[PDB]
Amino acid sequence: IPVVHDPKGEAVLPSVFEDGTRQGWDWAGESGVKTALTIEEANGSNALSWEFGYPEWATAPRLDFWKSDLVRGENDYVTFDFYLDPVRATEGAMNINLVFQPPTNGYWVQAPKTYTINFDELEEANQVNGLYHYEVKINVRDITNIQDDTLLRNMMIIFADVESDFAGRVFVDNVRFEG
Amino acid sequence: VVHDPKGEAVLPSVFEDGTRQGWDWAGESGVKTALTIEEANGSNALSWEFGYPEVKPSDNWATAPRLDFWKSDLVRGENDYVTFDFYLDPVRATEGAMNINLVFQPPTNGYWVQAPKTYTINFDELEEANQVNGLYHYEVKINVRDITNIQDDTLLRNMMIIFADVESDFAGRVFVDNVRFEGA
Ligand SMILES: [Ca+2]
Ligand SMILES: [Ca+2]
Ligand SMILES: [Ca+2]
Ligand SMILES: [Ca+2]
Ligand SMILES: [Ca+2]
Ligand SMILES: [Ca+2]
């Protein structure tokens, strides 16, 4: 049978994953990873979670969130808590990028700046018994091609390899816009 | 500050005529130090020196060198990548990384399109990089085929290259050579 995710639920922000569902989160059709998305505990709260490892954006997990009334408004950032529990992580890095697909902008605008996690610097990261925590914060005020009322349609988060050996489980929680 | 002669915009940019072949600092560049032509790896290259500050602005591009290249009839064509040779000769590089991004400003797409994939250099991995006598050589290759908001004939107007700090202590001289579009 196909991979089966936990129930999808209804798209809501902030996404907190406390109702047993993915609160509208799913794989993008073009995701390089389509493994099971389940709700798992991280740092005392339920979180969206999956496992994967990079060979060898083709190998990159790409999460997707569709919501009809998604607009930037007066928000300046998208933020989320991100946790990693590696089985292997000793070299390279991971780049996290944010994309929206406004129909008025050819179905693609990207937050200009990349959020980078450097696996050679894990012993400097916030951590509890092999669970590493990053407060991912990506500036969306800096997107000039949209206005505050532009219908964004869907948000994608891309987790791309940078010559890493990462393999393990990851967790996403508290996805929200912030001023 | 005195740069070497700007020259005329030529692509591919090989820097063999004693000029910058049209390359300059973007107005928003965080570094505006002398841009000169210097030898790297047996060829002449566009070069500057700088170091990132220890205090990191929350705007992750405020301290980034930003090169800019204006040319008429700047188009992707059937090419899939922008490539260049990038060299670093650090005096300090013990931690962090550098993110290289590529931006064009087509008037038909809001004066801003960006290659989706960042090219990242990890300073913790210098011992694994190609080097000769302290000069590290990276083959920067950035996919532009994946920009869906341009077409092969879209006038791009200008190209900038942003060299952003990722929690690094880099200080030293860098070199850029052989900037071009190329096919997959
Ligand atoms: Ca939660
Ligand atoms: Ca582990
Ligand atoms: Ca040259
Ligand atoms: Ca110091
Ligand atoms: Ca080369
Ligand atoms: Ca040196």
# chains A, B, ... in the order shown; residues from 1 in each chain; ligands from 1
call {"tool": "residues_near_ligand", "arguments": {"ligand": "ligand 6", "cutoff": "8 Å", "atoms": "only C-alpha atoms and all ligand atoms", "output": "PyMOL selection string"}}
result
chain B and resi 89-92+134-135+172
call {"tool": "closest_atom_pairs", "arguments": {"of": "chain A", "to": "ligand 1", "cutoff": "10 Å", "atoms": "only C-alpha atoms and all ligand atoms", "output": "Markdown table"}}
result
| residue | atom | partner | partner_atom_place_in_ligand_line | distance |
| --- | --- | --- | --- | --- |
| A:14 | CA | ligand 1 | 1 (Ca) | 9.7 |
| A:15 | CA | ligand 1 | 1 (Ca) | 7.6 |
| A:16 | CA | ligand 1 | 1 (Ca) | 4.1 |
| A:17 | CA | ligand 1 | 1 (Ca) | 4.9 |
| A:18 | CA | ligand 1 | 1 (Ca) | 5.5 |
| A:19 | CA | ligand 1 | 1 (Ca) | 9.2 |
| A:39 | CA | ligand 1 | 1 (Ca) | 8.9 |
| A:40 | CA | ligand 1 | 1 (Ca) | 9.0 |
| A:41 | CA | ligand 1 | 1 (Ca) | 8.0 |
| A:42 | CA | ligand 1 | 1 (Ca) | 8.0 |
| A:43 | CA | ligand 1 | 1 (Ca) | 9.1 |
| A:44 | CA | ligand 1 | 1 (Ca) | 8.1 |
| A:45 | CA | ligand 1 | 1 (Ca) | 4.5 |
| A:46 | CA | ligand 1 | 1 (Ca) | 4.1 |
| A:47 | CA | ligand 1 | 1 (Ca) | 4.9 |
| A:48 | CA | ligand 1 | 1 (Ca) | 8.1 |
| A:81 | CA | ligand 1 | 1 (Ca) | 9.3 |
| A:171 | CA | ligand 1 | 1 (Ca) | 9.8 |
| A:172 | CA | ligand 1 | 1 (Ca) | 8.3 |
| A:173 | CA | ligand 1 | 1 (Ca) | 5.2 |
| A:174 | CA | ligand 1 | 1 (Ca) | 6.0 |
| A:175 | CA | ligand 1 | 1 (Ca) | 9.2 |
call {"tool": "write_last_selection", "arguments": {"atoms": "N, CA, C and O atoms", "output": "PDB file, in the first residue's frame"}}
result
ATOM      1  N   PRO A  14      -1.752  29.736  13.934  1.00  0.00           N
ATOM      2  CA  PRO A  14      -0.542  28.912  14.054  1.00  0.00           C
ATOM      3  C   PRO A  14      -0.779  27.429  13.974  1.00  0.00           C
ATOM      4  O   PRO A  14      -1.784  26.939  14.420  1.00  0.00           O
ATOM      5  N   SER A  15       0.152  26.696  13.376  1.00  0.00           N
ATOM      6  CA  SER A  15       0.036  25.261  13.302  1.00  0.00           C
ATOM      7  C   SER A  15       0.747  24.653  14.494  1.00  0.00           C
ATOM      8  O   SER A  15       1.952  24.770  14.640  1.00  0.00           O
ATOM      9  N   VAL A  16      -0.034  24.008  15.362  1.00  0.00           N
ATOM     10  CA  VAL A  16       0.437  23.503  16.656  1.00  0.00           C
ATOM     11  C   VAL A  16       0.309  22.009  16.819  1.00  0.00           C
ATOM     12  O   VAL A  16       0.939  21.437  17.705  1.00  0.00           O
ATOM     13  N   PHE A  17      -0.458  21.343  15.964  1.00  0.00           N
ATOM     14  CA  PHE A  17      -0.476  19.898  15.870  1.00  0.00           C
ATOM     15  C   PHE A  17      -0.962  19.232  17.161  1.00  0.00           C
ATOM     16  O   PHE A  17      -0.506  18.156  17.499  1.00  0.00           O
ATOM     17  N   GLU A  18      -1.907  19.880  17.838  1.00  0.00           N
ATOM     18  CA  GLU A  18      -2.430  19.384  19.117  1.00  0.00           C
ATOM     19  C   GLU A  18      -3.772  18.665  19.025  1.00  0.00           C
ATOM     20  O   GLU A  18      -4.278  18.194  20.054  1.00  0.00           O
ATOM     21  N   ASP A  19      -4.344  18.555  17.828  1.00  0.00           N
ATOM     22  CA  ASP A  19      -5.654  17.918  17.619  1.00  0.00           C
ATOM     23  C   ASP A  19      -5.574  16.550  16.924  1.00  0.00           C
ATOM     24  O   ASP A  19      -6.586  16.063  16.404  1.00  0.00           O
ATOM     25  N   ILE A  39       2.302  12.745  13.729  1.00  0.00           N
ATOM     26  CA  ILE A  39       2.389  13.665  14.838  1.00  0.00           C
ATOM     27  C   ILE A  39       3.129  12.952  15.967  1.00  0.00           C
ATOM     28  O   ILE A  39       2.698  11.904  16.436  1.00  0.00           O
ATOM     29  N   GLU A  40       4.267  13.501  16.368  1.00  0.00           N
ATOM     30  CA  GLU A  40       5.136  12.890  17.349  1.00  0.00           C
ATOM     31  C   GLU A  40       5.538  13.941  18.381  1.00  0.00           C
ATOM     32  O   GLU A  40       5.576  15.129  18.099  1.00  0.00           O
ATOM     33  N   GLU A  41       5.878  13.499  19.582  1.00  0.00           N
ATOM     34  CA  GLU A  41       6.327  14.376  20.639  1.00  0.00           C
ATOM     35  C   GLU A  41       7.756  14.910  20.427  1.00  0.00           C
ATOM     36  O   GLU A  41       8.670  14.160  20.122  1.00  0.00           O
ATOM     37  N   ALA A  42       7.919  16.214  20.582  1.00  0.00           N
ATOM     38  CA  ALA A  42       9.224  16.876  20.614  1.00  0.00           C
ATOM     39  C   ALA A  42       9.200  17.966  21.667  1.00  0.00           C
ATOM     40  O   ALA A  42       8.377  18.869  21.604  1.00  0.00           O
ATOM     41  N   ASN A  43      10.138  17.898  22.617  1.00  0.00           N
ATOM     42  CA  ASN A  43      10.294  18.952  23.628  1.00  0.00           C
ATOM     43  C   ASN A  43       8.962  19.251  24.339  1.00  0.00           C
ATOM     44  O   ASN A  43       8.605  20.411  24.517  1.00  0.00           O
ATOM     45  N   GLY A  44       8.214  18.190  24.664  1.00  0.00           N
ATOM     46  CA  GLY A  44       6.992  18.294  25.463  1.00  0.00           C
ATOM     47  C   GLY A  44       5.733  18.759  24.736  1.00  0.00           C
ATOM     48  O   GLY A  44       4.733  19.130  25.358  1.00  0.00           O
ATOM     49  N   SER A  45       5.761  18.741  23.411  1.00  0.00           N
ATOM     50  CA  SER A  45       4.621  19.154  22.612  1.00  0.00           C
ATOM     51  C   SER A  45       4.561  18.264  21.380  1.00  0.00           C
ATOM     52  O   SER A  45       5.571  17.729  20.920  1.00  0.00           O
ATOM     53  N   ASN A  46       3.364  18.087  20.851  1.00  0.00           N
ATOM     54  CA  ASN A  46       3.155  17.355  19.603  1.00  0.00           C
ATOM     55  C   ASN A  46       3.603  18.174  18.397  1.00  0.00           C
ATOM     56  O   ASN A  46       3.316  19.362  18.304  1.00  0.00           O
ATOM     57  N   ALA A  47       4.271  17.502  17.466  1.00  0.00           N
ATOM     58  CA  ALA A  47       4.866  18.143  16.309  1.00  0.00           C
ATOM     59  C   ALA A  47       4.700  17.295  15.063  1.00  0.00           C
ATOM     60  O   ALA A  47       4.581  16.080  15.131  1.00  0.00           O
ATOM     61  N   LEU A  48       4.704  17.962  13.912  1.00  0.00           N
ATOM     62  CA  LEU A  48       4.712  17.299  12.612  1.00  0.00           C
ATOM     63  C   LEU A  48       6.084  16.687  12.424  1.00  0.00           C
ATOM     64  O   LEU A  48       7.088  17.377  12.611  1.00  0.00           O
ATOM     65  N   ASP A  81       9.507  26.199  15.269  1.00  0.00           N
ATOM     66  CA  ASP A  81      10.481  25.374  15.994  1.00  0.00           C
ATOM     67  C   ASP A  81      10.807  24.138  15.173  1.00  0.00           C
ATOM     68  O   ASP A  81       9.934  23.456  14.681  1.00  0.00           O
ATOM     69  N   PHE A 171      11.319  17.264  13.244  1.00  0.00           N
ATOM     70  CA  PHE A 171      10.068  17.686  13.871  1.00  0.00           C
ATOM     71  C   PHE A 171       9.873  19.173  13.630  1.00  0.00           C
ATOM     72  O   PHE A 171      10.791  19.971  13.833  1.00  0.00           O
ATOM     73  N   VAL A 172       8.652  19.553  13.291  1.00  0.00           N
ATOM     74  CA  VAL A 172       8.261  20.951  13.034  1.00  0.00           C
ATOM     75  C   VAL A 172       7.095  21.302  13.949  1.00  0.00           C
ATOM     76  O   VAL A 172       6.137  20.548  14.011  1.00  0.00           O
ATOM     77  N   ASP A 173       7.167  22.421  14.663  1.00  0.00           N
ATOM     78  CA  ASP A 173       6.054  22.827  15.526  1.00  0.00           C
ATOM     79  C   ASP A 173       5.906  24.334  15.519  1.00  0.00           C
ATOM     80  O   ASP A 173       6.843  25.059  15.203  1.00  0.00           O
ATOM     81  N   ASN A 174       4.703  24.800  15.878  1.00  0.00           N
ATOM     82  CA  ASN A 174       4.426  26.223  16.080  1.00  0.00           C
ATOM     83  C   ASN A 174       4.739  27.051  14.858  1.00  0.00           C
ATOM     84  O   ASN A 174       5.426  28.067  14.937  1.00  0.00           O
ATOM     85  N   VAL A 175       4.226  26.624  13.715  1.00  0.00           N
ATOM     86  CA  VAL A 175       4.433  27.397  12.494  1.00  0.00           C
ATOM     87  C   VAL A 175       3.506  28.607  12.539  1.00  0.00           C
ATOM     88  O   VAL A 175       2.269  28.456  12.686  1.00  0.00           O
TER      89      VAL A 175
END
call {"tool": "residues_near_ligand", "arguments": {"ligand": "ligand 5", "cutoff": "8 Å", "atoms": "only C-alpha atoms and all ligand atoms", "output": "ChimeraX atom specification"}}
result
/B:83-85,138-140,178
call {"tool": "write_last_selection", "arguments": {"atoms": "N, CA, C and O atoms", "output": "compact mmCIF listing (two decimals), in the first residue's frame"}}
result
# COMPACT_ATOMS: atom_id res chain seq x y z
N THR B 83 27.97 29.86 -13.74
CA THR B 83 29.16 29.33 -13.07
C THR B 83 30.24 30.38 -12.94
O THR B 83 30.35 31.30 -13.74
N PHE B 84 31.03 30.24 -11.89
CA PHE B 84 32.26 30.98 -11.75
C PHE B 84 33.22 30.22 -10.84
O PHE B 84 32.80 29.40 -10.03
N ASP B 85 34.50 30.50 -11.02
CA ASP B 85 35.52 30.07 -10.06
C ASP B 85 35.58 31.07 -8.91
O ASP B 85 35.65 32.27 -9.13
N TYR B 138 36.62 26.91 -5.22
CA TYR B 138 35.27 26.39 -5.35
C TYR B 138 34.75 26.64 -6.76
O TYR B 138 34.92 27.71 -7.32
N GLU B 139 34.13 25.63 -7.32
CA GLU B 139 33.45 25.71 -8.61
C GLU B 139 31.99 26.05 -8.36
O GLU B 139 31.17 25.16 -8.13
N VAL B 140 31.68 27.33 -8.31
CA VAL B 140 30.32 27.75 -8.01
C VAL B 140 29.45 27.51 -9.25
O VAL B 140 29.82 27.88 -10.34
N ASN B 178 35.98 33.85 -14.43
CA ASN B 178 35.26 33.04 -15.42
C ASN B 178 33.75 33.00 -15.19
O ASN B 178 33.13 31.95 -15.23
call {"tool": "residues_near_ligand", "arguments": {"ligand": "ligand 4", "cutoff": "12 Å", "atoms": "only C-alpha atoms and all ligand atoms", "output": "list in words"}}
result
residues 52, 53, 54, 55, 92, 168, 169 and 170 of chain B
call {"tool": "residues_around", "arguments": {"residues": "residue B:24", "least_positions_apart": "5", "cutoff": "9 Å", "atoms": "only C-alpha atoms", "output": "ChimeraX atom specification"}}
result
/B:6,35,66-70
call {"tool": "interface_residues", "arguments": {"of": "chain A", "to": "chain B", "cutoff": "9 Å", "atoms": "only C-alpha atoms", "output": "list in words"}}
result
residues 57, 91, 92, 93, 95, 97, 105, 106, 107, 108, 109, 110, 112, 113, 114, 115, 116, 118, 120, 121, 139, 144, 145, 160 and 162 of chain A
call {"tool": "residues_near_ligand", "arguments": {"ligand": "ligand 2", "cutoff": "10 Å", "atoms": "only C-alpha atoms and all ligand atoms", "output": "VMD selection string"}}
result
chain A and resid 84 to 89 129 to 132 167 to 169
call {"tool": "write_last_selection", "arguments": {"atoms": "N, CA and C atoms", "output": "mmCIF file, in the first residue's frame"}}
result
data_model
loop_
_atom_site.group_PDB
_atom_site.id
_atom_site.type_symbol
_atom_site.label_atom_id
_atom_site.label_comp_id
_atom_site.auth_asym_id
_atom_site.auth_seq_id
_atom_site.Cartn_x
_atom_site.Cartn_y
_atom_site.Cartn_z
ATOM 1 N N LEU A 84 15.879 18.217 15.380
ATOM 2 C CA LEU A 84 16.474 17.085 14.676
ATOM 3 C C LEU A 84 16.961 16.063 15.673
ATOM 4 N N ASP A 85 16.670 14.788 15.408
ATOM 5 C CA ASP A 85 17.258 13.680 16.130
ATOM 6 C C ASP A 85 17.993 12.815 15.113
ATOM 7 N N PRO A 86 19.255 13.112 14.878
ATOM 8 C CA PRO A 86 20.014 12.362 13.873
ATOM 9 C C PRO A 86 20.367 10.959 14.343
ATOM 10 N N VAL A 87 20.415 10.054 13.387
ATOM 11 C CA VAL A 87 21.184 8.827 13.540
ATOM 12 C C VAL A 87 22.603 9.090 13.077
ATOM 13 N N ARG A 88 22.761 9.870 12.007
ATOM 14 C CA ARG A 88 24.074 10.293 11.515
ATOM 15 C C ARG A 88 23.983 11.767 11.156
ATOM 16 N N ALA A 89 24.917 12.565 11.652
ATOM 17 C CA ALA A 89 25.040 13.968 11.263
ATOM 18 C C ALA A 89 26.424 14.446 11.712
ATOM 19 N N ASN A 129 19.532 15.469 25.168
ATOM 20 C CA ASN A 129 19.656 14.028 24.929
ATOM 21 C C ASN A 129 19.490 13.683 23.449
ATOM 22 N N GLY A 130 20.286 14.342 22.615
ATOM 23 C CA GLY A 130 20.326 14.067 21.193
ATOM 24 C C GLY A 130 19.196 14.662 20.355
ATOM 25 N N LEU A 131 18.343 15.518 20.931
ATOM 26 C CA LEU A 131 17.365 16.327 20.182
ATOM 27 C C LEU A 131 17.832 17.782 20.093
ATOM 28 N N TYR A 132 18.211 18.204 18.894
ATOM 29 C CA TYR A 132 18.724 19.560 18.639
ATOM 30 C C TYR A 132 17.606 20.505 18.208
ATOM 31 N N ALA A 167 20.949 11.856 8.371
ATOM 32 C CA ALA A 167 19.858 10.894 8.349
ATOM 33 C C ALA A 167 19.279 10.821 9.741
ATOM 34 N N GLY A 168 17.955 10.821 9.841
ATOM 35 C CA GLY A 168 17.306 10.786 11.140
ATOM 36 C C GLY A 168 15.862 11.276 11.079
ATOM 37 N N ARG A 169 15.335 11.612 12.231
ATOM 38 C CA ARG A 169 13.978 12.121 12.345
ATOM 39 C C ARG A 169 14.035 13.622 12.599
#
call {"tool": "residues_near_ligand", "arguments": {"ligand": "ligand 3", "cutoff": "7 Å", "atoms": "only C-alpha atoms and all ligand atoms", "output": "PyMOL selection string"}}
result
chain B and resi 14-16+43-45+177-178
